[PDB]
Amino acid sequence: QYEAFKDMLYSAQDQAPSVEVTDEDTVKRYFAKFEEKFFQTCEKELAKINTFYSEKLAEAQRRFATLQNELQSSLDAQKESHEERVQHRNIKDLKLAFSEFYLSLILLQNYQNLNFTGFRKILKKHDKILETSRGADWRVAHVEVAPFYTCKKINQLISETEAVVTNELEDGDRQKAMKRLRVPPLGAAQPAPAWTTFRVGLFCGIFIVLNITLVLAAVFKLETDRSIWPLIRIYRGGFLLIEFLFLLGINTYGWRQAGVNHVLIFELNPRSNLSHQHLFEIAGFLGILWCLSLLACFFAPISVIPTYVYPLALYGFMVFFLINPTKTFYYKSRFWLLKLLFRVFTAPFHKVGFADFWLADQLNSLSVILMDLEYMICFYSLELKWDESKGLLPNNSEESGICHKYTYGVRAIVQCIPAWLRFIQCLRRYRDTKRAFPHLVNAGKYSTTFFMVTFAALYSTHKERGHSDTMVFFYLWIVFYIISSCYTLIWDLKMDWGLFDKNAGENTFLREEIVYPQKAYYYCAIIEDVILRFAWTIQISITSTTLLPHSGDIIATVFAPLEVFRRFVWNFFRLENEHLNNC
Amino acid sequence: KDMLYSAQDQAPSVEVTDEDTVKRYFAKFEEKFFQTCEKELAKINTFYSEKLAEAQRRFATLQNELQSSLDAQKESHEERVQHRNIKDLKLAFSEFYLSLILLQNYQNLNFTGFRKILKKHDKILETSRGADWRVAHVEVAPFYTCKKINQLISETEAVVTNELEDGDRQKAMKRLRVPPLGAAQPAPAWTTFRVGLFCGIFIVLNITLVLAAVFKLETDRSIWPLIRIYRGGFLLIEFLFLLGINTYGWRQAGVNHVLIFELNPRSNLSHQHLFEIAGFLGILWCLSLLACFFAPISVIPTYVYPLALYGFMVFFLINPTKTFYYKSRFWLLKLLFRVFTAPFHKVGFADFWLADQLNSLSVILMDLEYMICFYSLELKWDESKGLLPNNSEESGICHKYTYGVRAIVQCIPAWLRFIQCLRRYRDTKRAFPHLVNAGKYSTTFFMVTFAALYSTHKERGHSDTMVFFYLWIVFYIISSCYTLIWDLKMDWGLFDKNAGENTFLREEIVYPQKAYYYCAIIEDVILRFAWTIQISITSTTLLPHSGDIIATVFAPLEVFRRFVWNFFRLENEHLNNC
């Protein structure tokens with residue numbers, strides 16, 4: 001109430017005239033009016049302070065009752081592998097609750113002290129201006145006799161509860177309890193040693209310069225005599241992967257800006273995790289490797305092996321890095337990732353957790369890399385002859401198009417593997433939980449993909465023979481597209497993010513409680529998602545406006561670094577909503 | 001991790017004797033560990049008891065002082081005296097409380113470390129007696145559990161604020177706000193990110209530079225003048241990088257260079273910052289060089305690209321604004337101003353150091369002389385036709401010696417050292433060091449004037465030129481070996497006659513390895529007589545266009561000598577004077 005006191009003092013000073021400016025009676029009347037206004041303001045401030053103190057006392061009592069109930073529940077659970085993990089989670093939750101209670105008590109004490117200091121300052125200012133001694137008396141009767149400052153049993157109770165929790169759970173491990181209940185938590189990273197950040201900067205700088213020299217060489221040195229397009233087909237997918245990692249770096253920083261606890265939801269080791277700088281430096285390493293490989297393929301200084309070793313060497317280096325058995329180069333993280341890939345493929349043996357379907361969904365937007373893997377095998381096995389030079393093969397030959405066409409239609413299965421595995425995983429989820437409300441609908445949502453791809457493949461295979469009745473099949477493909485798109489939209493908005501809920505309140509189109517700073521970010525994310533998820537519609541416009549061959553493959557390449565973005569933005573609010581419920 | 005590694009490396013024999021001997025050995029090791037842990041616990045308990053006694057004594061003294069102040073108050077100048085006494089008592093109480101809190105925190109940290117070590121030993125040795133003993137005895141210390149000291153201190157502060165400060169609780173709390181102690185000086189992560197960026201771009205640009213030079217470059221064009229220009233900038237960025245390495249070395253060695261330089265207690269700079277500016281300089285130099293040779297854009301001539309860079313140089317220093325390390329540039333500008341006068345200003349250590357550095361940066365003095373030279377009487381500003389893009393004798397009267405414009409620019413830094421040392425002798429009235437420095441720097445003038453007169457006489461054909469040149473060579477050594485005996489005797493303070501247990505070195509040293517010292521000595525001997533190789537190579541038939549190549553390759557080694565000489569010069573004066 002410092003602002004109100006300052007405004008009242010300014011108004012009183014303005015209402016106070018000079019000695020000779022106004023008459024004695026008028027000056028006395030103005031002084032009486034100012035004193036009455038000051039008394040009314042002081043009474044209002046005292047009432048507000050009393051109400052705030054009562055509310056704070058009620059909140060403290062409620063917090064103490066909740067802490068006691070949680071402690072009793074934890075003691076009952078302790079009295080009466082997976083069990084060890086559950087006990088550790090309960091201990092961590094109790095420690096977090098105790099730390100929150102201590103922080104709330106400290107904040108309440110600091111706020112009470114600040115309010116008392118402000119009241120004393122306002123009383124001093126009123127005494128200086130209006131020459132009245134009532135402010136000091138009010139401050140003495142209120143600030144000095146404040147029950148909140150006098151009540152110090154809260155600190156003793158908090159200390160006793162913390163000691164009891166440490167004795168019962170930590171079994172005398174005071175260091176772990178102090179670390180878990182430490183006042184500082186988020187905020188200061190904590191910064192890594194300077195070598196890691198220096199490596200990140202060096203790697204990103206080399207990546208940038210290599211990109212500039214690559215584009216300059218492509219626009220200047222390259223001769224438009226040979227179709228470089230297949231090269232993109234063997235490189236594009238790799239780019240997506242590295243791009244993905246870059247985003248993931250920033251992604252984790254997001255979870256460090258909102259303060260949402262995300263290490264626990266992944267069941268990761270709290271004393272060993274992967275910071276954003278590590279992901280950034282891995283991204284830099286893979287990026288510089290990719291740039292050097294592509295530049296070497298572009299120039300080929302040595303005219304003995306034109307193309308057959310550069311992409312294969314790059315991908316072999318990548319996989320060897322992935323499954324390196326030595327205890328170096330983030331061995332623990334690589335082993336954990338390989339174990340989770342095993343688990344997501346060996347689903348039926350063990351329970352399904354968060355990270356399982358999280359990684360499954362991430363791969364769902366990464367099917368392009370599977371397409372390019374099938375394409376490299378596709379080019380290398382049937383129609384490319386190893387015994388040649390350079391590889392200047394004109395497209396006029398009839399050998400081309402052999403595995404551009406669907407042939408047996410294997411492309412549908414390789415396209416739909418993520419959908420199939422998500423369908424199976426959701427089915428097992430329903431079998432284990434016996435509850436079908438959020439699962440069979442999810443199964444149908446992933447099942448729409450089967451129909452989408454099979455219709456697209458059948459139309460593409462059958463358009464050449466004729467049978468003008470394919471217009472009906474084209475219409476069915478389109479309507480399946482629309483229904484899949486709206487199903488994905490509604491599932492993402494209502495269920496995945498919890499937005500558009502019937503219980504909105506003052507935060508229109510939002511949930512009751514949010515953690516991200518601004519709402520314009522929410523709205524911009526929504527509009528970006530709703531433009532991106534009908535990307536293919538824009539594609540169809542080209543096929544409705546141009547008859548130029550092979551025009552759809554370039555726009556698809558531009559379309560490729562967009563499904564990684566819509567997952568990047570979706571990965572933000574997914575953990576926010578999932579912070580509420582449990583899997 | 002010492003227990004985990006040392007114990008595992010023992011590798012006891014599985015089948016060498018009966019299990020009784022192994023059990024006895026394990027029991028003996030456990031008993032020794034228990035005795036060590038008991039001794040450590042007793043020492044920690046004694047330290048904690050001493051800290052608690054000191055804290056109790058400090059609290060009693062503070063309480064007595066507060067009671068005396070309250071009694072005096074209860075009973076103008078008297079009010080001011082009472083306020084000053086209250087402030088002094090509050091400051092003393094705050095200092096005592098901070099010391100007690102630090103002691104308690106140290107004791108708690110020591111106890112936690114001992115408990116962690118015991119737990120690690122128990123886990124490694126697969127035993128439960130040590131952890132149980134630590135939990136029963138070390139973890140049951142009542143001193144750590146007792147936290148009434150903080151509550152009593154807070155209550156005393158509140159009472160003092162209420163009774164003495166008259167409701168100024170916030171001021172008392174701020175004056176007695178001591179709890180989470182601890183501070184350091186960590187470098188910002190963005191600084192390391194920036195230096196990493198600049199280093200990466202700089203190396204990659206050097207690689208593209210060398211590839212372009214070896215591949216696309218053709219012989220017909222004139223390469224020499226361009227490298228004459230670019231040597232100065234290369235030397236500048238090199239010196240900046242070695243200066244950063246030098247200041248990191250001083251900081252790590254613990255030599256208090258900030259006090260001997262009388263800098264502000266912030267140092268006005270950090271080695272990371274030197275690294276960033278050096279990287280930015282290298283980026284500009286590489287971009288400019290690639291622009292000159294590649295020349296991709298329009299019809300802009302190649303003779304303008306360096307100027308902007310060089311302009312940027314002065315633009316970096318004479319920028320009116322308040323950005324780009326505004327404290328360092330102003331300090332360096334004023335120091336470089338006060339160095340270049342000499343008689344007008346007083347002599348300080350920084351001026352002596354800067355003049356010494358400028359002595360070795362000889363090349364960056366006459367490169368600009370050739371610069372203004374071509375841009376005065378060799379340029380083709382207006383048009384671009386057959387206006388002598390080729391080379392002949394007339395264009396290039398300037399890269400030789402000829403007039404004294406080159407000898408004098410070579411001799412400026414020695415002039416500055418001579419005059420500054422004479423000023424020191426004048427205002428100090430000291431004989432030996434300044435007088436011998438006068439000679440050691442007049443040898444420089446003698447060598448340069450002899451070489452200049454030889455060069456200007458050879459072009460005319462006077463017979464005595466074949467004699468005087470013969471003298472030039474000796475006039476070099478009589479200088480050079482003098483300078484050497486100066487760097488080791490007094491400049492570094494080595495080869496002391498009253499040497500002790502340490503061979504060929506002074507008795508007290510700070511750097512770890514003596515091999516560093518020996519390497520420094522031998523490197524100084526090699527690079528101080530570097531000019532012998534120059535005359536050795538040009539002591540025979542003169543290969544066409546092979547004159548100045550030796551200078552370029554020998555240029556960065558001279559600064560590399562300045563790299564090592566700076567380590568001991570600062571240390572020797574720091575150790576002996578301070």
# chains A, B, ... in the order shown; residues from 1 in each chain; ligands from 1
>>> residues_around(residues="residue 111 (chain A)", least_positions_apart="2", cutoff="12 Å", atoms="only C-alpha atoms", output="short mmCIF file (atom, residue, chain, number, x, y, z; two decimals) with C-alpha atoms, in the first residue's frame")
data_model
loop_
_atom_site.label_atom_id
_atom_site.label_comp_id
_atom_site.auth_asym_id
_atom_site.auth_seq_id
_atom_site.Cartn_x
_atom_site.Cartn_y
_atom_site.Cartn_z
CA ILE A 49 -3.56 -5.83 6.01
CA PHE A 52 -4.16 -10.41 3.97
CA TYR A 53 -2.77 -11.71 7.27
CA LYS A 56 -1.89 -15.99 4.76
CA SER A 104 6.28 -20.61 0.98
CA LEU A 105 7.04 -19.93 4.65
CA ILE A 106 10.16 -17.93 3.73
CA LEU A 107 8.22 -15.94 1.13
CA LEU A 108 5.42 -15.22 3.61
CA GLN A 109 7.93 -14.04 6.23
CA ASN A 113 8.68 -7.93 6.76
CA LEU A 114 8.34 -5.87 3.58
CA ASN A 115 4.79 -4.87 4.51
CA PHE A 116 5.93 -3.82 7.99
CA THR A 117 8.80 -1.79 6.53
CA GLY A 118 6.45 -0.12 4.05
CA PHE A 148 2.89 -13.39 11.50
CA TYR A 149 6.30 -12.07 12.57
CA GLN B 170 14.84 -3.09 6.62
#
>>> residues_around(residues="region 478-487 of chain A", least_positions_apart="6", cutoff="8 Å", atoms="only C-alpha atoms", output="PyMOL selection string")
chain A and resi 445+448-449+451-452+533-534
>>> residues_around(residues="residue 458 (chain B)", least_positions_apart="3", cutoff="12 Å", atoms="only C-alpha atoms", output="PyMOL selection string")
chain B and resi 400-402+451-455+461-469
>>> write_last_selection(atoms="C-alpha atoms", output="short mmCIF file (atom, residue, chain, number, x, y, z; two decimals), in the first residue's frame")
data_model
loop_
_atom_site.label_atom_id
_atom_site.label_comp_id
_atom_site.auth_asym_id
_atom_site.auth_seq_id
_atom_site.Cartn_x
_atom_site.Cartn_y
_atom_site.Cartn_z
CA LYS B 400 64.82 -0.09 -50.93
CA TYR B 401 66.65 2.07 -48.37
CA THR B 402 67.68 5.15 -50.41
CA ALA B 451 73.35 -0.27 -43.27
CA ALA B 452 71.55 2.76 -44.72
CA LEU B 453 74.78 4.45 -45.79
CA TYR B 454 75.99 1.20 -47.35
CA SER B 455 72.75 0.91 -49.32
CA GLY B 461 79.48 3.12 -57.05
CA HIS B 462 81.97 4.68 -54.63
CA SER B 463 84.91 2.36 -54.03
CA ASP B 464 84.78 2.71 -50.23
CA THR B 465 81.33 1.07 -50.35
CA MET B 466 83.10 -2.27 -50.80
CA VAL B 467 84.96 -1.53 -47.54
CA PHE B 468 82.23 -0.04 -45.36
CA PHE B 469 79.88 -2.96 -46.08
#
>>> interface_residues(of="chain A", to="chain B", cutoff="9 Å", atoms="only C-alpha atoms", output="PDB file with C-alpha atoms, in the first residue's frame")
ATOM      1  CA  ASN A 113       8.682  -7.934   6.762  1.00  0.00           C
ATOM      2  CA  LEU A 114       8.339  -5.870   3.577  1.00  0.00           C
ATOM      3  CA  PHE A 116       5.925  -3.819   7.992  1.00  0.00           C
ATOM      4  CA  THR A 117       8.800  -1.788   6.533  1.00  0.00           C
ATOM      5  CA  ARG A 120       6.792   2.227   8.899  1.00  0.00           C
ATOM      6  CA  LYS A 121       8.003   4.271   5.917  1.00  0.00           C
ATOM      7  CA  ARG A 139       2.820   1.227  13.044  1.00  0.00           C
ATOM      8  CA  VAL A 140       3.778   0.310  16.616  1.00  0.00           C
ATOM      9  CA  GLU A 144       5.505  -4.435  15.877  1.00  0.00           C
ATOM     10  CA  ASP A 171      18.272 -43.169   6.233  1.00  0.00           C
ATOM     11  CA  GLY A 172      20.614 -40.436   7.437  1.00  0.00           C
ATOM     12  CA  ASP A 173      21.675 -39.211   3.986  1.00  0.00           C
ATOM     13  CA  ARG A 174      21.776 -35.517   4.898  1.00  0.00           C
ATOM     14  CA  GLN A 175      23.572 -34.451   1.706  1.00  0.00           C
ATOM     15  CA  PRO A 191      26.931 -23.554 -16.651  1.00  0.00           C
ATOM     16  CA  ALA A 192      29.080 -26.302 -18.129  1.00  0.00           C
ATOM     17  CA  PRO A 193      32.886 -26.036 -18.228  1.00  0.00           C
ATOM     18  CA  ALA A 194      33.988 -23.612 -20.916  1.00  0.00           C
ATOM     19  CA  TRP A 195      35.399 -26.351 -23.159  1.00  0.00           C
ATOM     20  CA  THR A 197      30.526 -24.314 -24.971  1.00  0.00           C
ATOM     21  CA  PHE A 198      33.709 -23.494 -26.891  1.00  0.00           C
ATOM     22  CA  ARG A 199      33.320 -26.734 -28.843  1.00  0.00           C
ATOM     23  CA  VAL A 200      29.668 -25.887 -29.522  1.00  0.00           C
ATOM     24  CA  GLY A 201      30.634 -22.485 -30.908  1.00  0.00           C
ATOM     25  CA  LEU A 202      33.514 -23.836 -32.990  1.00  0.00           C
ATOM     26  CA  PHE A 203      31.316 -26.556 -34.478  1.00  0.00           C
ATOM     27  CA  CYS A 204      28.478 -24.166 -35.329  1.00  0.00           C
ATOM     28  CA  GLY A 205      30.901 -21.703 -36.925  1.00  0.00           C
ATOM     29  CA  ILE A 206      32.481 -24.359 -39.127  1.00  0.00           C
ATOM     30  CA  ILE A 208      27.942 -22.037 -41.065  1.00  0.00           C
ATOM     31  CA  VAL A 209      31.017 -21.435 -43.218  1.00  0.00           C
ATOM     32  CA  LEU A 210      30.677 -24.850 -44.850  1.00  0.00           C
TER      33      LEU A 210
END
>>> closest_residue(among="A:22, A:267, A:302, A:518", to="residue 82 (chain A)", atoms="only C-alpha atoms")
A:267
>>> select_by_dssp(residues="region 359-456 of chain A", states="alpha helix (DSSP H)", output="ChimeraX atom specification")
/A:359-364,367-378,410-433,440-456
